[PDB]
file model-v2.cif (mmCIF, N, CA and C atoms and all ligand atoms)
data_coords
#
loop_
_atom_site.label_atom_id
_atom_site.label_comp_id
_atom_site.auth_asym_id
_atom_site.auth_seq_id
_atom_site.Cartn_x
_atom_site.Cartn_y
_atom_site.Cartn_z
N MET V 1 0.85 -1.26 0.00
CA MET V 1 0.00 0.00 0.00
C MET V 1 0.86 1.27 0.00
N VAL V 2 2.02 1.29 0.66
CA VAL V 2 2.83 2.54 0.75
C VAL V 2 3.90 2.54 -0.34
N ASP V 3 4.06 1.45 -1.07
CA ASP V 3 5.31 1.29 -1.83
C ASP V 3 5.54 2.35 -2.90
N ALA V 4 4.51 2.95 -3.47
CA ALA V 4 4.86 3.93 -4.52
C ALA V 4 5.41 5.25 -3.93
N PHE V 5 5.27 5.45 -2.60
CA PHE V 5 5.89 6.59 -1.94
C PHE V 5 7.36 6.38 -1.65
N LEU V 6 7.85 5.14 -1.69
CA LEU V 6 9.18 4.84 -1.21
C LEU V 6 10.21 5.36 -2.20
N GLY V 7 11.35 5.79 -1.68
CA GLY V 7 12.48 6.21 -2.46
C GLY V 7 12.99 7.55 -2.05
N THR V 8 13.81 8.13 -2.92
CA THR V 8 14.47 9.41 -2.70
C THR V 8 13.84 10.45 -3.63
N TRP V 9 13.47 11.58 -3.04
CA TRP V 9 12.68 12.61 -3.69
C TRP V 9 13.35 13.96 -3.49
N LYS V 10 13.34 14.80 -4.53
CA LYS V 10 13.93 16.13 -4.42
C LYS V 10 12.92 17.19 -4.75
N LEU V 11 12.97 18.28 -3.99
CA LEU V 11 12.03 19.38 -4.18
C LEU V 11 12.29 20.07 -5.52
N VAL V 12 11.21 20.22 -6.32
CA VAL V 12 11.19 20.89 -7.65
C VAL V 12 10.20 22.05 -7.79
N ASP V 13 9.27 22.27 -6.87
CA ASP V 13 8.31 23.39 -6.91
C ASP V 13 7.83 23.65 -5.50
N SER V 14 7.66 24.92 -5.07
CA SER V 14 7.04 25.22 -3.78
C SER V 14 6.15 26.46 -3.93
N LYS V 15 4.94 26.34 -3.38
CA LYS V 15 3.96 27.42 -3.36
C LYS V 15 3.49 27.64 -1.92
N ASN V 16 3.58 28.89 -1.48
CA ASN V 16 3.02 29.33 -0.19
C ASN V 16 3.73 28.73 1.03
N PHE V 17 4.98 28.32 0.90
CA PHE V 17 5.67 27.79 2.09
C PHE V 17 5.89 28.89 3.12
N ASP V 18 6.17 30.14 2.68
CA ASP V 18 6.32 31.20 3.65
C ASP V 18 5.02 31.40 4.45
N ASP V 19 3.88 31.35 3.79
CA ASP V 19 2.61 31.47 4.50
C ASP V 19 2.51 30.39 5.58
N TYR V 20 2.81 29.16 5.21
CA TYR V 20 2.71 28.03 6.15
C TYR V 20 3.65 28.24 7.35
N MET V 21 4.91 28.55 7.08
CA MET V 21 5.87 28.76 8.15
C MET V 21 5.45 29.93 9.05
N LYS V 22 4.99 31.00 8.45
CA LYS V 22 4.60 32.15 9.26
C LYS V 22 3.42 31.79 10.15
N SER V 23 2.48 31.02 9.63
CA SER V 23 1.31 30.60 10.43
C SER V 23 1.75 29.79 11.67
N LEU V 24 2.82 29.01 11.51
CA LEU V 24 3.40 28.24 12.61
C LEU V 24 4.29 29.09 13.53
N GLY V 25 4.46 30.37 13.27
CA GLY V 25 5.27 31.23 14.13
C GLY V 25 6.75 31.16 13.86
N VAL V 26 7.17 30.63 12.71
CA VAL V 26 8.59 30.57 12.37
C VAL V 26 9.08 32.01 12.12
N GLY V 27 10.22 32.36 12.67
CA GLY V 27 10.79 33.69 12.51
C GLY V 27 11.30 34.01 11.12
N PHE V 28 11.41 35.33 10.85
CA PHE V 28 11.71 35.77 9.48
C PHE V 28 12.97 35.11 8.94
N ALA V 29 14.02 35.05 9.75
CA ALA V 29 15.35 34.62 9.23
C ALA V 29 15.29 33.16 8.83
N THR V 30 14.59 32.35 9.62
CA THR V 30 14.43 30.93 9.26
C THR V 30 13.58 30.80 8.02
N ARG V 31 12.47 31.53 7.96
CA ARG V 31 11.65 31.50 6.73
C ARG V 31 12.55 31.81 5.55
N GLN V 32 13.37 32.81 5.70
CA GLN V 32 14.14 33.35 4.56
C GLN V 32 15.05 32.25 4.00
N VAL V 33 15.79 31.53 4.84
CA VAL V 33 16.65 30.42 4.34
C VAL V 33 15.80 29.28 3.76
N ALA V 34 14.73 28.93 4.46
CA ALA V 34 13.89 27.79 4.04
C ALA V 34 13.30 28.09 2.65
N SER V 35 13.07 29.34 2.29
CA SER V 35 12.45 29.68 0.97
C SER V 35 13.40 29.37 -0.20
N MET V 36 14.68 29.18 0.04
CA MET V 36 15.84 29.01 -0.90
C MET V 36 16.45 27.61 -0.70
N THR V 37 15.84 26.76 0.10
CA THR V 37 16.39 25.43 0.36
C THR V 37 15.57 24.42 -0.45
N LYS V 38 16.28 23.43 -0.95
CA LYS V 38 15.64 22.33 -1.73
C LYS V 38 15.93 21.00 -1.06
N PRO V 39 15.08 20.57 -0.15
CA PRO V 39 15.35 19.36 0.57
C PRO V 39 15.24 18.11 -0.29
N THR V 40 15.85 17.06 0.25
CA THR V 40 15.69 15.68 -0.22
C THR V 40 14.92 14.92 0.83
N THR V 41 13.88 14.23 0.40
CA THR V 41 13.06 13.38 1.28
C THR V 41 13.34 11.92 0.90
N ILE V 42 13.65 11.09 1.91
CA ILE V 42 13.92 9.67 1.69
C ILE V 42 12.90 8.89 2.51
N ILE V 43 12.15 8.03 1.87
CA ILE V 43 11.10 7.24 2.54
C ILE V 43 11.45 5.78 2.32
N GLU V 44 11.63 5.05 3.40
CA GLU V 44 12.01 3.62 3.35
C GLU V 44 11.11 2.84 4.30
N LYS V 45 11.03 1.56 4.04
CA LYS V 45 10.16 0.66 4.78
C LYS V 45 10.99 -0.53 5.26
N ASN V 46 10.75 -1.02 6.48
CA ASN V 46 11.29 -2.28 6.98
C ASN V 46 10.12 -2.93 7.74
N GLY V 47 9.48 -3.90 7.11
CA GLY V 47 8.26 -4.42 7.67
C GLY V 47 7.21 -3.34 7.77
N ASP V 48 6.59 -3.25 8.95
CA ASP V 48 5.59 -2.24 9.28
C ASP V 48 6.16 -0.87 9.59
N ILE V 49 7.46 -0.74 9.66
CA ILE V 49 8.06 0.53 10.11
C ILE V 49 8.52 1.35 8.91
N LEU V 50 8.02 2.57 8.85
CA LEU V 50 8.45 3.53 7.83
C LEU V 50 9.41 4.52 8.45
N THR V 51 10.44 4.87 7.71
CA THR V 51 11.36 5.91 8.13
C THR V 51 11.38 6.98 7.04
N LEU V 52 11.19 8.22 7.47
CA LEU V 52 11.10 9.39 6.58
C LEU V 52 12.17 10.37 7.01
N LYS V 53 13.19 10.51 6.15
CA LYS V 53 14.30 11.44 6.35
C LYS V 53 14.05 12.68 5.51
N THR V 54 14.35 13.85 6.04
CA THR V 54 14.33 15.10 5.26
C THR V 54 15.66 15.76 5.47
N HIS V 55 16.40 15.95 4.38
CA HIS V 55 17.79 16.44 4.43
C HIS V 55 17.90 17.78 3.70
N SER V 56 18.67 18.67 4.26
CA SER V 56 18.99 19.91 3.56
C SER V 56 20.28 20.49 4.09
N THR V 57 20.66 21.58 3.40
CA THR V 57 21.79 22.45 3.85
C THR V 57 21.51 23.24 5.15
N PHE V 58 20.29 23.28 5.64
CA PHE V 58 19.86 24.08 6.78
C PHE V 58 19.49 23.22 7.96
N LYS V 59 18.61 22.28 7.77
CA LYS V 59 18.16 21.42 8.87
C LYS V 59 17.89 20.03 8.32
N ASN V 60 18.13 19.03 9.15
CA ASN V 60 17.76 17.64 8.88
C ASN V 60 16.72 17.17 9.89
N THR V 61 15.84 16.26 9.46
CA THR V 61 14.97 15.54 10.37
C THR V 61 14.98 14.09 9.97
N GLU V 62 14.49 13.23 10.96
CA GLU V 62 14.21 11.83 10.67
C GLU V 62 13.12 11.38 11.65
N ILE V 63 12.11 10.71 11.12
CA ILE V 63 11.07 10.09 11.94
C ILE V 63 10.91 8.63 11.50
N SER V 64 10.55 7.77 12.44
CA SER V 64 10.12 6.40 12.15
C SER V 64 8.77 6.18 12.81
N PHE V 65 7.90 5.44 12.12
CA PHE V 65 6.54 5.26 12.59
C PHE V 65 5.94 4.04 11.94
N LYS V 66 4.90 3.55 12.58
CA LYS V 66 4.01 2.54 12.01
C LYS V 66 2.71 3.23 11.61
N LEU V 67 2.16 2.92 10.44
CA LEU V 67 0.89 3.53 10.04
C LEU V 67 -0.14 3.24 11.13
N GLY V 68 -0.90 4.29 11.46
CA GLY V 68 -2.03 4.12 12.37
C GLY V 68 -1.65 4.06 13.85
N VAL V 69 -0.41 4.34 14.20
CA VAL V 69 0.05 4.29 15.59
C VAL V 69 0.68 5.63 15.94
N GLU V 70 0.17 6.28 16.97
CA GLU V 70 0.67 7.59 17.38
C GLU V 70 2.14 7.50 17.78
N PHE V 71 2.88 8.57 17.51
CA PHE V 71 4.29 8.69 17.91
C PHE V 71 4.57 10.13 18.32
N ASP V 72 5.55 10.30 19.19
CA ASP V 72 6.07 11.62 19.52
C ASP V 72 7.02 12.08 18.44
N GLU V 73 6.98 13.37 18.11
CA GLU V 73 7.81 13.96 17.07
C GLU V 73 8.28 15.34 17.53
N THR V 74 9.51 15.67 17.19
CA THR V 74 10.04 17.03 17.34
C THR V 74 10.32 17.57 15.96
N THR V 75 9.54 18.54 15.52
CA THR V 75 9.57 18.98 14.14
C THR V 75 10.82 19.80 13.83
N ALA V 76 11.00 20.13 12.54
CA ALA V 76 12.17 20.89 12.11
C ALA V 76 12.26 22.25 12.80
N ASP V 77 11.08 22.83 13.09
CA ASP V 77 10.94 24.09 13.79
C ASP V 77 10.76 23.92 15.31
N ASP V 78 11.09 22.75 15.83
CA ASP V 78 11.19 22.48 17.28
C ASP V 78 9.85 22.44 17.99
N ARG V 79 8.77 22.15 17.29
CA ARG V 79 7.50 21.84 17.97
C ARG V 79 7.52 20.39 18.45
N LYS V 80 7.07 20.18 19.69
CA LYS V 80 6.91 18.83 20.26
C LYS V 80 5.46 18.41 20.10
N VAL V 81 5.22 17.49 19.18
CA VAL V 81 3.88 17.16 18.71
C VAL V 81 3.59 15.70 18.90
N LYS V 82 2.29 15.38 18.90
CA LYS V 82 1.76 14.03 18.85
C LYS V 82 1.35 13.78 17.41
N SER V 83 1.89 12.77 16.77
CA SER V 83 1.73 12.53 15.34
C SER V 83 1.11 11.17 15.06
N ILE V 84 0.43 11.10 13.93
CA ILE V 84 -0.03 9.82 13.40
C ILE V 84 -0.06 9.93 11.87
N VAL V 85 0.34 8.86 11.21
CA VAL V 85 0.35 8.81 9.75
C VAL V 85 -0.53 7.65 9.32
N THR V 86 -1.32 7.83 8.26
CA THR V 86 -2.18 6.77 7.75
C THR V 86 -2.28 6.95 6.24
N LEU V 87 -2.96 6.03 5.62
CA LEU V 87 -3.30 6.08 4.21
C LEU V 87 -4.79 6.36 4.10
N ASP V 88 -5.16 7.29 3.26
CA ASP V 88 -6.57 7.73 3.13
C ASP V 88 -6.74 8.07 1.64
N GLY V 89 -7.51 7.29 0.92
CA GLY V 89 -7.69 7.55 -0.50
C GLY V 89 -6.43 7.46 -1.28
N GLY V 90 -5.50 6.63 -0.82
CA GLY V 90 -4.20 6.49 -1.48
C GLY V 90 -3.19 7.56 -1.10
N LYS V 91 -3.58 8.52 -0.29
CA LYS V 91 -2.68 9.60 0.15
C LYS V 91 -2.10 9.24 1.52
N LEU V 92 -0.86 9.65 1.73
CA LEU V 92 -0.21 9.46 2.99
C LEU V 92 -0.51 10.71 3.85
N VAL V 93 -1.31 10.58 4.91
CA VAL V 93 -1.79 11.72 5.69
C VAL V 93 -1.09 11.71 7.05
N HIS V 94 -0.38 12.78 7.32
CA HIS V 94 0.34 12.93 8.59
C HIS V 94 -0.33 14.08 9.32
N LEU V 95 -0.81 13.77 10.51
CA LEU V 95 -1.47 14.75 11.39
C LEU V 95 -0.60 14.97 12.60
N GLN V 96 -0.30 16.24 12.90
CA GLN V 96 0.44 16.65 14.10
C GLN V 96 -0.48 17.46 14.98
N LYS V 97 -0.41 17.20 16.29
CA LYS V 97 -1.24 17.87 17.32
C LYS V 97 -0.34 18.38 18.42
N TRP V 98 -0.52 19.64 18.83
CA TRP V 98 0.23 20.20 19.96
C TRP V 98 -0.51 21.44 20.44
N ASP V 99 -0.57 21.64 21.75
CA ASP V 99 -1.16 22.89 22.29
C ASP V 99 -2.60 23.13 21.76
N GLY V 100 -3.31 22.06 21.47
CA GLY V 100 -4.65 22.17 20.87
C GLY V 100 -4.69 22.52 19.38
N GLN V 101 -3.54 22.77 18.76
CA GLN V 101 -3.42 23.05 17.32
C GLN V 101 -3.27 21.76 16.57
N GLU V 102 -3.49 21.85 15.27
CA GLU V 102 -3.24 20.77 14.34
C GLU V 102 -2.61 21.31 13.07
N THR V 103 -1.78 20.48 12.46
CA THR V 103 -1.38 20.70 11.06
C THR V 103 -1.36 19.36 10.37
N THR V 104 -1.64 19.38 9.07
CA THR V 104 -1.59 18.17 8.26
C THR V 104 -0.55 18.32 7.17
N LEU V 105 0.12 17.21 6.91
CA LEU V 105 1.11 17.04 5.85
C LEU V 105 0.58 15.88 5.01
N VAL V 106 0.06 16.18 3.82
CA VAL V 106 -0.61 15.16 3.00
C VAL V 106 0.21 14.95 1.76
N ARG V 107 0.59 13.71 1.48
CA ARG V 107 1.38 13.37 0.29
C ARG V 107 0.54 12.53 -0.66
N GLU V 108 0.48 12.99 -1.91
CA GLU V 108 -0.31 12.37 -2.99
C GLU V 108 0.62 12.15 -4.18
N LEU V 109 0.50 11.04 -4.90
CA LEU V 109 1.30 10.76 -6.10
C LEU V 109 0.48 11.13 -7.32
N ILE V 110 0.98 12.06 -8.12
CA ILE V 110 0.29 12.52 -9.35
C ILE V 110 1.31 12.49 -10.49
N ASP V 111 1.04 11.63 -11.46
CA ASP V 111 1.91 11.48 -12.63
C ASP V 111 3.35 11.24 -12.18
N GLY V 112 3.54 10.38 -11.17
CA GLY V 112 4.86 9.97 -10.68
C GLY V 112 5.59 11.01 -9.86
N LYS V 113 4.99 12.17 -9.62
CA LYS V 113 5.54 13.21 -8.72
C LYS V 113 4.83 13.10 -7.38
N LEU V 114 5.57 13.44 -6.34
CA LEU V 114 5.09 13.43 -4.95
C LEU V 114 4.68 14.86 -4.59
N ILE V 115 3.35 15.09 -4.37
CA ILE V 115 2.81 16.40 -4.02
C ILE V 115 2.52 16.39 -2.53
N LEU V 116 3.18 17.29 -1.82
CA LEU V 116 3.03 17.49 -0.37
C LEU V 116 2.22 18.74 -0.14
N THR V 117 1.08 18.59 0.51
CA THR V 117 0.23 19.71 0.86
C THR V 117 0.28 19.89 2.38
N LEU V 118 0.68 21.08 2.80
CA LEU V 118 0.88 21.44 4.19
C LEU V 118 -0.20 22.45 4.58
N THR V 119 -1.02 22.16 5.60
CA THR V 119 -2.10 23.05 6.00
C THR V 119 -1.99 23.36 7.47
N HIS V 120 -2.03 24.63 7.82
CA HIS V 120 -2.08 25.07 9.23
C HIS V 120 -2.88 26.36 9.24
N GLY V 121 -3.84 26.49 10.12
CA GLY V 121 -4.71 27.66 10.11
C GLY V 121 -5.40 27.74 8.77
N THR V 122 -5.29 28.87 8.11
CA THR V 122 -5.82 29.02 6.77
C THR V 122 -4.77 28.80 5.68
N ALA V 123 -3.51 28.68 6.06
CA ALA V 123 -2.40 28.58 5.11
C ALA V 123 -2.35 27.20 4.50
N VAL V 124 -2.19 27.17 3.17
CA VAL V 124 -2.11 25.95 2.39
C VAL V 124 -0.90 26.07 1.48
N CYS V 125 0.09 25.21 1.68
CA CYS V 125 1.33 25.18 0.90
C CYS V 125 1.38 23.89 0.12
N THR V 126 1.80 23.99 -1.14
CA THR V 126 1.95 22.84 -2.01
C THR V 126 3.39 22.73 -2.47
N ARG V 127 4.03 21.60 -2.20
CA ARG V 127 5.41 21.36 -2.59
C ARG V 127 5.48 20.13 -3.43
N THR V 128 6.21 20.22 -4.51
CA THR V 128 6.31 19.14 -5.46
C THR V 128 7.71 18.54 -5.43
N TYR V 129 7.74 17.23 -5.33
CA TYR V 129 8.97 16.45 -5.28
C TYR V 129 9.07 15.50 -6.47
N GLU V 130 10.18 15.32 -7.09
CA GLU V 130 10.39 14.35 -8.18
C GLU V 130 11.33 13.27 -7.71
N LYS V 131 11.25 12.12 -8.14
CA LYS V 131 12.00 10.94 -7.65
C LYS V 131 13.38 11.00 -8.27
N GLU V 132 14.39 10.73 -7.46
CA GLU V 132 15.81 10.48 -7.83
C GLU V 132 16.03 8.98 -8.07
N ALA V 133 16.60 8.62 -9.25
CA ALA V 133 16.90 7.27 -9.71
C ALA V 133 17.83 6.57 -8.76
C1 LIG V 201 14.09 19.45 7.43
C2 LIG V 201 13.25 20.36 6.64
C3 LIG V 201 13.98 20.83 5.45
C4 LIG V 201 14.02 22.02 4.84
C5 LIG V 201 13.20 23.25 5.13
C6 LIG V 201 14.10 24.11 5.91
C7 LIG V 201 13.98 24.46 7.21
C8 LIG V 201 12.91 24.06 8.17
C9 LIG V 201 12.42 25.18 9.04
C10 LIG V 201 11.22 25.67 9.05
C11 LIG V 201 10.07 25.07 8.34
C12 LIG V 201 8.88 24.98 9.26
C13 LIG V 201 8.14 23.94 9.46
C14 LIG V 201 8.57 22.52 9.47
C15 LIG V 201 7.47 21.71 8.99
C16 LIG V 201 7.30 21.27 7.77
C17 LIG V 201 8.14 21.50 6.58
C18 LIG V 201 8.29 20.25 5.74
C19 LIG V 201 8.71 20.64 4.42
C20 LIG V 201 9.07 19.55 3.42
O1 LIG V 201 9.27 18.38 3.82
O2 LIG V 201 9.25 19.91 2.22
#
call {"tool": "encode", "arguments": {"input": "model-v2.cif", "output": "structure tokens"}}
result
Amino acid sequence: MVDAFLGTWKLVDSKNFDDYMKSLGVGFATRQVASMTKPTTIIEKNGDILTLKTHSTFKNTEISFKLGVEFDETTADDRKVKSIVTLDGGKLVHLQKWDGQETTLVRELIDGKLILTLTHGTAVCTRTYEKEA
């Protein structure tokens, strides 16, 4: 079910990421670097466990999780959140909860590209990733 998401992906398009970061309270200087960074996302599976790495020149993250099982996460911007990832309509849906807030990170495969939609408050950011061979 998750296999078409697996592999190494590089950022090729971003829309409204500054809006998303600002909604989360990220400071100007961090927004400014993040607007010029092109991360690599690596998604791998070992049995039921998925590991999602995000690498860049500015910040790295790594999470491991089982679909449908809550996990603690410390985000790139240092939020301590309660997270869960599932599959819904073929999309990989990641929900983060903290301080009564929520944000969703939804990944959809369209014509072999990985589209990441980030929503917080009213802000909606769309980032497009293409697969590395
Ligand atoms: C490790 C993330 C990689 C590059 C972006 C650069 C800096 C992160 C700092 C602030 C961004 C704020 C929010 C973090 C939450 C989600 C961003 C995920 C973006 C993505 O995977 O393309």
call {"tool": "closest_atom_pairs", "arguments": {"input": "model-v2.cif", "of": "chain V", "to": "ligand LIG 201 (chain V)", "cutoff": "5 Å", "atoms": "only N, CA and C atoms and all ligand atoms", "output": "tab-separated table"}}
result
residue	atom	partner	partner_atom	distance
V:21	CA	V:LIG201	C12	5.0
V:34	CA	V:LIG201	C6	4.1
V:54	C	V:LIG201	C1	4.5
V:59	C	V:LIG201	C1	3.9
V:60	C	V:LIG201	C1	4.3
V:61	N	V:LIG201	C1	4.2
V:76	N	V:LIG201	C14	4.6
V:77	N	V:LIG201	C14	4.4
call {"tool": "residues_near_point", "arguments": {"input": "model-v2.cif", "point": "(-0.5, 2.3, 6.6)", "cutoff": "8 Å", "atoms": "only C-alpha atoms", "output": "JSON, numbers by chain"}}
result
{"V": [1, 2, 66, 67, 68, 85, 86, 87]}
call {"tool": "residues_around", "arguments": {"input": "model-v2.cif", "residues": "residue 80 of chain V", "least_positions_apart": "2", "cutoff": "8 Å", "atoms": "all atoms listed in the file", "output": "list in words"}}
result
residues 72, 73, 74, 75, 77, 78, 82, 83, 96, 97, 98 and 99 of chain V
call {"tool": "atom_distance", "arguments": {"input": "model-v2.cif", "atom1": "atom CA of residue 11 of chain V", "atom2": "atom CA of residue 47 of chain V"}}
result
26.9 Å
call {"tool": "select_by_dssp", "arguments": {"input": "model-v2.cif", "residues": "chain V", "states": "helix (DSSP H, G or I)", "output": "PDB file with N, CA and C atoms, keeping the file's coordinate frame"}}
result
ATOM      1  N   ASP V   3       4.060   1.450  -1.070  1.00  0.00           N
ATOM      2  CA  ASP V   3       5.310   1.290  -1.830  1.00  0.00           C
ATOM      3  C   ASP V   3       5.540   2.350  -2.900  1.00  0.00           C
ATOM      4  N   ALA V   4       4.510   2.950  -3.470  1.00  0.00           N
ATOM      5  CA  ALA V   4       4.860   3.930  -4.520  1.00  0.00           C
ATOM      6  C   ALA V   4       5.410   5.250  -3.930  1.00  0.00           C
ATOM      7  N   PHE V   5       5.270   5.450  -2.600  1.00  0.00           N
ATOM      8  CA  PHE V   5       5.890   6.590  -1.940  1.00  0.00           C
ATOM      9  C   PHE V   5       7.360   6.380  -1.650  1.00  0.00           C
ATOM     10  N   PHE V  17       4.980  28.320   0.900  1.00  0.00           N
ATOM     11  CA  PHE V  17       5.670  27.790   2.090  1.00  0.00           C
ATOM     12  C   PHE V  17       5.890  28.890   3.120  1.00  0.00           C
ATOM     13  N   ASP V  18       6.170  30.140   2.680  1.00  0.00           N
ATOM     14  CA  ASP V  18       6.320  31.200   3.650  1.00  0.00           C
ATOM     15  C   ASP V  18       5.020  31.400   4.450  1.00  0.00           C
ATOM     16  N   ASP V  19       3.880  31.350   3.790  1.00  0.00           N
ATOM     17  CA  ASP V  19       2.610  31.470   4.500  1.00  0.00           C
ATOM     18  C   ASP V  19       2.510  30.390   5.580  1.00  0.00           C
ATOM     19  N   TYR V  20       2.810  29.160   5.210  1.00  0.00           N
ATOM     20  CA  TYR V  20       2.710  28.030   6.150  1.00  0.00           C
ATOM     21  C   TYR V  20       3.650  28.240   7.350  1.00  0.00           C
ATOM     22  N   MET V  21       4.910  28.550   7.080  1.00  0.00           N
ATOM     23  CA  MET V  21       5.870  28.760   8.150  1.00  0.00           C
ATOM     24  C   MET V  21       5.450  29.930   9.050  1.00  0.00           C
ATOM     25  N   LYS V  22       4.990  31.000   8.450  1.00  0.00           N
ATOM     26  CA  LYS V  22       4.600  32.150   9.260  1.00  0.00           C
ATOM     27  C   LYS V  22       3.420  31.790  10.150  1.00  0.00           C
ATOM     28  N   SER V  23       2.480  31.020   9.630  1.00  0.00           N
ATOM     29  CA  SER V  23       1.310  30.600  10.430  1.00  0.00           C
ATOM     30  C   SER V  23       1.750  29.790  11.670  1.00  0.00           C
ATOM     31  N   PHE V  28      11.410  35.330  10.850  1.00  0.00           N
ATOM     32  CA  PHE V  28      11.710  35.770   9.480  1.00  0.00           C
ATOM     33  C   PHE V  28      12.970  35.110   8.940  1.00  0.00           C
ATOM     34  N   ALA V  29      14.020  35.050   9.750  1.00  0.00           N
ATOM     35  CA  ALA V  29      15.350  34.620   9.230  1.00  0.00           C
ATOM     36  C   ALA V  29      15.290  33.160   8.830  1.00  0.00           C
ATOM     37  N   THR V  30      14.590  32.350   9.620  1.00  0.00           N
ATOM     38  CA  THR V  30      14.430  30.930   9.260  1.00  0.00           C
ATOM     39  C   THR V  30      13.580  30.800   8.020  1.00  0.00           C
ATOM     40  N   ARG V  31      12.470  31.530   7.960  1.00  0.00           N
ATOM     41  CA  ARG V  31      11.650  31.500   6.730  1.00  0.00           C
ATOM     42  C   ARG V  31      12.550  31.810   5.550  1.00  0.00           C
ATOM     43  N   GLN V  32      13.370  32.810   5.700  1.00  0.00           N
ATOM     44  CA  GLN V  32      14.140  33.350   4.560  1.00  0.00           C
ATOM     45  C   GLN V  32      15.050  32.250   4.000  1.00  0.00           C
ATOM     46  N   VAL V  33      15.790  31.530   4.840  1.00  0.00           N
ATOM     47  CA  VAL V  33      16.650  30.420   4.340  1.00  0.00           C
ATOM     48  C   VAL V  33      15.800  29.280   3.760  1.00  0.00           C
ATOM     49  N   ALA V  34      14.730  28.930   4.460  1.00  0.00           N
ATOM     50  CA  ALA V  34      13.890  27.790   4.040  1.00  0.00           C
ATOM     51  C   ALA V  34      13.300  28.090   2.650  1.00  0.00           C
TER      52      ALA V  34
END
call {"tool": "closest_residue", "arguments": {"input": "model-v2.cif", "among": "V:24, V:6, V:133, V:12", "to": "residue 79 of chain V", "atoms": "only C-alpha atoms"}}
result
V:24
call {"tool": "residues_around", "arguments": {"input": "model-v2.cif", "residues": "residue 117 of chain V", "least_positions_apart": "6", "cutoff": "6 Å", "atoms": "all atoms listed in the file", "output": "list in words"}}
result
residues 104, 105, 106, 107, 125, 126 and 127 of chain V
call {"tool": "atom_distance", "arguments": {"input": "model-v2.cif", "atom1": "atom N of residue 38 of chain V", "atom2": "atom C of residue 123 of chain V"}}
result
19.8 Å
call {"tool": "closest_residue", "arguments": {"input": "model-v2.cif", "among": "V:36, V:4, V:95, V:23", "to": "residue 121 of chain V", "atoms": "all atoms listed in the file"}}
result
V:23
call {"tool": "decode", "arguments": {"input": "model-v2.cif", "residues": "segment 28-39 of chain V", "atoms": "N, CA, C and O atoms", "output": "JSON list (two decimals), in the first residue's frame"}}
result
[["chain", "number", "residue", "atom", "x", "y", "z"],
["V", 28, "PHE", "N", 11.41, 35.33, 10.85],
["V", 28, "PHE", "CA", 11.71, 35.77, 9.48],
["V", 28, "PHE", "C", 12.97, 35.11, 8.94],
["V", 28, "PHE", "O", 12.98, 34.80, 7.77],
["V", 29, "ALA", "N", 14.02, 35.05, 9.75],
["V", 29, "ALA", "CA", 15.35, 34.62, 9.23],
["V", 29, "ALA", "C", 15.29, 33.16, 8.83],
["V", 29, "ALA", "O", 15.85, 32.77, 7.82],
["V", 30, "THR", "N", 14.59, 32.35, 9.62],
["V", 30, "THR", "CA", 14.43, 30.93, 9.26],
["V", 30, "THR", "C", 13.58, 30.80, 8.02],
["V", 30, "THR", "O", 13.89, 29.98, 7.16],
["V", 31, "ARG", "N", 12.47, 31.53, 7.96],
["V", 31, "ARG", "CA", 11.65, 31.50, 6.73],
["V", 31, "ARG", "C", 12.55, 31.81, 5.55],
["V", 31, "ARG", "O", 12.43, 31.21, 4.51],
["V", 32, "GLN", "N", 13.37, 32.81, 5.70],
["V", 32, "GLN", "CA", 14.14, 33.35, 4.56],
["V", 32, "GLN", "C", 15.05, 32.25, 4.00],
["V", 32, "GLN", "O", 15.09, 31.97, 2.78],
["V", 33, "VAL", "N", 15.79, 31.53, 4.84],
["V", 33, "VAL", "CA", 16.65, 30.42, 4.34],
["V", 33, "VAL", "C", 15.80, 29.28, 3.76],
["V", 33, "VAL", "O", 16.12, 28.67, 2.75],
["V", 34, "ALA", "N", 14.73, 28.93, 4.46],
["V", 34, "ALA", "CA", 13.89, 27.79, 4.04],
["V", 34, "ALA", "C", 13.30, 28.09, 2.65],
["V", 34, "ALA", "O", 13.07, 27.13, 1.89],
["V", 35, "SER", "N", 13.07, 29.34, 2.29],
["V", 35, "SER", "CA", 12.45, 29.68, 0.97],
["V", 35, "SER", "C", 13.40, 29.37, -0.20],
["V", 35, "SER", "O", 12.94, 29.30, -1.33],
["V", 36, "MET", "N", 14.68, 29.18, 0.04],
["V", 36, "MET", "CA", 15.84, 29.01, -0.90],
["V", 36, "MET", "C", 16.45, 27.61, -0.70],
["V", 36, "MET", "O", 17.48, 27.26, -1.32],
["V", 37, "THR", "N", 15.84, 26.76, 0.10],
["V", 37, "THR", "CA", 16.39, 25.43, 0.36],
["V", 37, "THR", "C", 15.57, 24.42, -0.45],
["V", 37, "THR", "O", 14.33, 24.50, -0.53],
["V", 38, "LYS", "N", 16.28, 23.43, -0.95],
["V", 38, "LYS", "CA", 15.64, 22.33, -1.73],
["V", 38, "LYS", "C", 15.93, 21.00, -1.06],
["V", 38, "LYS", "O", 16.89, 20.33, -1.40],
["V", 39, "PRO", "N", 15.08, 20.57, -0.15],
["V", 39, "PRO", "CA", 15.35, 19.36, 0.57],
["V", 39, "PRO", "C", 15.24, 18.11, -0.29],
["V", 39, "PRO", "O", 14.58, 18.08, -1.35]]
